[PDB]
């Protein structure tokens, strides 16, 4: 519906997050021009191309197909530039990315909250798996915080739909790749699956429990292990060699052994032995529930 969010009633409020190929802004949709309206988040491309706008169309269809408490809410599209461009309209979640929230609001985060966020992320990912969607970019930078009690997967720009007959998607046009969240078979064979999302979730869980101490981020920790001197493809070569022979991110300071064990099971080089997101949500909620109270 091109009349749902008309570009002339979509008012700027704040820049929220930008990268090489996309940007998100806070806007107010005020159809009555009475200084009221709901606040929304607006994603738009950067350095657009025909190929990227086609992908963005796929991204929009993917998000529109998703309705879940732990998936950011799709609201519509703005066909801006006189209906010669595309912008994606989403609900606005006010505490930003989980990566920033962990750093900025340590005062209101304890292990209980971390497990609750863990559970919620797994449940959102269970849901994606029922659509045969592979996220491919799971990281705390792409999780959003609605409030102290709820997080949602917040971006789907790299998400792919599995082929009808395969359980993996083989990417044949790799661009910007978050290699320090990648499963080994994604690095070596460009294969992405629910199981490689589980690998990446293992890194998310690590992130949560490092509390995003800059020296403990996965890129920083892997580069320390690889050698900070290394540059270029040599980094990838050493990362692959490291992972294939059981090199792993360390247990974070203060992390319970049981949570670290979940991490290490997600980081299984044997794809089929990785737990499912349903296993993980149940396991985490049972940890939470087995506590006193």
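Residue numbers count along the first chain shown, from 1.
Undergrad: Between 160 to 168 and 77 to 85, name whichever shows the higher mean Cα B factor according to the PDB entry.
TA: That would be 160 to 168.
Undergrad: Could you settle it for me: does 145 to 153 or 216 to 224 have the higher average Cα B factor in the PDB entry?
TA: Per the PDB record, 216 to 224.
Undergrad: Report the option among 264, 48, 246, 67 whose CA atom has the maximum B-factor in the deposited record.
TA: Reading the PDB entry, the winner on C-alpha B-factor is 48.
Undergrad: Based on the PDB record, which member of 39, 240, 63, 42 exhibits the highest Cα temperature factor?
TA: Max CA B-factor in the entry, restricted to 39, 240, 63, 42: 39.
Undergrad: What third of its chain's C-alpha B-factors does residue 191 belong to: lowest, middle or highest?
TA: Its C-alpha B-factor, which the entry lists for residue 191, ranks in the middle third among residues of this chain.
Undergrad: Hey, what third does residue 131 fall into on Cα B-factor, ranked over its chain?
TA: As the PDB entry reports it, the C-alpha B-factor of residue 131 lands in the middle third of its chain.
Undergrad: Where does residue 117 sit by CA temperature factor within its chain: lowest, middle or highest third?
TA: Within its chain, residue 117 is a lowest-third residue by C-alpha B-factor, going by the deposited values.
Undergrad: Pull the Cα B-factor of residue 140 out of the PDB entry and bin it into the chain's lowest, middle or highest third.
TA: As the PDB entry reports it, the C-alpha B-factor of residue 140 lands in the lowest third of its chain.
Undergrad: Splitting the chain's C-alpha B-factors into thirds, which one does residue 283 fall into?
TA: It falls in the middle third of the chain.
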